[PDB]
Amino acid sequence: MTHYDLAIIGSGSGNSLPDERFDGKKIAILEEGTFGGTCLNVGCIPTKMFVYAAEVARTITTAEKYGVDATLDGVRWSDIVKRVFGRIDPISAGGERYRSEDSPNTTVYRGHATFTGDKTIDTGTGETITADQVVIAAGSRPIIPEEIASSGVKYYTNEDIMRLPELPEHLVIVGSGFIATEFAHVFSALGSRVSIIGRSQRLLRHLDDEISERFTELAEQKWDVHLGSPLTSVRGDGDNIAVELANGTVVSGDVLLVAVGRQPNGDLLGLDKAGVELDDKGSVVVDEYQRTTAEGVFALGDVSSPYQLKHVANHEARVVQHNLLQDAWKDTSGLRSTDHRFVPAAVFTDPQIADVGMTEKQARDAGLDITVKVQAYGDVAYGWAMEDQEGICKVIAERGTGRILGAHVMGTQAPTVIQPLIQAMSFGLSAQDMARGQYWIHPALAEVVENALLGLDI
C-alpha cells in the first residue's frame, strides 16, 4: 500500500486545498468523473453562460417597449454549446494535467474511491492507499425518482442537457428548485416551450413566500406550470415522452429533464469503515472546524455542508486548508471556524432572484419585532429607464436597532444588487446607517436598495 500525508476524494473544492505550504508533503487526489467537480463542468459556471445567452434573446423579443425594433431570427444552439464548452473543457483538462504531470508531490487516481479501513481507501483503480489525513470533497449527485429510472424513457440531468444536439420543441421539466427554474428560463427564452411539474403549491417553495408567490404568478405567464401534483408514471412513445401526474394530467414533450434535487455522495464511500458519521439526510457530519467524527478526516462541499453552494465550499476549503496544517485533534486554538451566518443564494431565472438571511416568516417565527419594506424596481429612476414592472427588493430589518435580518431581490442583476446588503449585514451595519452613511450613485440600479432602506420604519 502507498502511504500519503494527504488524500483528497473529489476534484471540486478539494482541488483548491493544495498550495505552496504543502509542497513538502505527498498528496493523493481521487476523481471518478470529470476534473474540476460539478461547479466547473456541469454546474454553476456553464449554466450561467447559457443563462446569459437566454437573457440576450429576451432583450431582443421585448425591445419594442423601449422603441427599438428588432426580430429574433433564430438561435444556433449547437454554436452556443460549442462556445461554452469550447472554453470549459480545455480548463477542466488543463488543470487535470497540472495535477498529474507537473505533480511536484501529487498523484491523481481516476477511480471511485471507497473507504476500506481507518484511513484506508480503495482507489477504484485496483489499488489501495493510506493517508495521515483525509479530506472528503465528494459533492452531491442528482436525485432520480424511481418512476423515471424504471420506465426506460430517455431523461436528462445537468450532466448532459447542456450538450443536447438540438433545441427541444417541448421541454418537460420535473422539479421546482433553482436548477429547474434556471433551465426553464434558459430553454424557453431560446425557443423551446417549457412545461414544469412541481410537487409543491409554488415554485421555489422554500424561499420567502412573497418572492415564491410573485415569481410563480409571473412564471405561469411564461411556462406551462403544473403545481401541487406529484408525478405517478412515465411513458415513452417514440421520440415523444409523456408524464402522468397523480391528478391524472399527462404532460408530453420532446426531452425529459429531471431536476428534483441532489443527494450528497457520502453514502457511496463506505464511510462506516472509516468511522465517519452520516446524519439523517446523507450529509457527513462535521463541526465548525470541518473536522468529522473520524480523526484526521475532514469534509467540505456538497458532501457535508447544508448549503450546497460553491462559494460556501470555497469558504470551507479556506478553513480546512488552514486547519489541515495544525494540531486538529489536539489544539483548537490555532484553528479557524467556518462562518455559516449570512450565506446568500441566487436563482438565475427570469425574473432573477437573490436572497440572504431570513425570510419574513422566519423572522416572525423567531418572534422578532421587525419592519419590512418591499421596494419596487419601477419606483426608482433606473427602474423607469427599464420600464420595469416586476422587480422588487424586500428588506426585513429589526425595529429599534435597524439590524437587518434578511433581504430578497427579484429583478435585473439581483445577485449583484444584494451585495451591499450582504456586506452591511455581515459586518453589523445598521440599515439607517447604510442608507445615510454613504452615497449612492444616482440613478443606478443600486438606488432600489437605498429606497428600500429609506422606506423602513426605524
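The numbering used is simple: start at 1 and walk along the sequence shown.
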{"property": "Selected stretch [higher average CA B-factor]: 263 to 271 or 192 to 200", "result": "263 to 271"}
{"property": "Mean temperature factor over C-alpha atoms, higher-scoring stretch between 306 to 314 and 163 to 171", "result": "306 to 314"}
{"property": "Identity of residue with top Cα B-factor, from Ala346, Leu218, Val258, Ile129", "result": "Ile129"}
{"property": "Criterion, highest CA B-factor; candidates, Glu387, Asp79, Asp73, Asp208", "result": "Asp208"}
{"property": "Among modelled residues of the same chain, the CA temperature factor third for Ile29", "result": "middle"}
{"property": "Chain-wide C-alpha B factor ranking for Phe115, given as lowest, middle or highest third", "result": "highest"}
{"property": "Relative C-alpha B-factor of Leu17, binned into the chain's lowest, middle or highest third", "result": "highest"}
{"property": "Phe187, C-alpha B-factor rank within chain (lowest, middle or highest third)", "result": "lowest"}
{"property": "Among modelled residues of the same chain, the CA temperature factor third for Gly94", "result": "middle"}
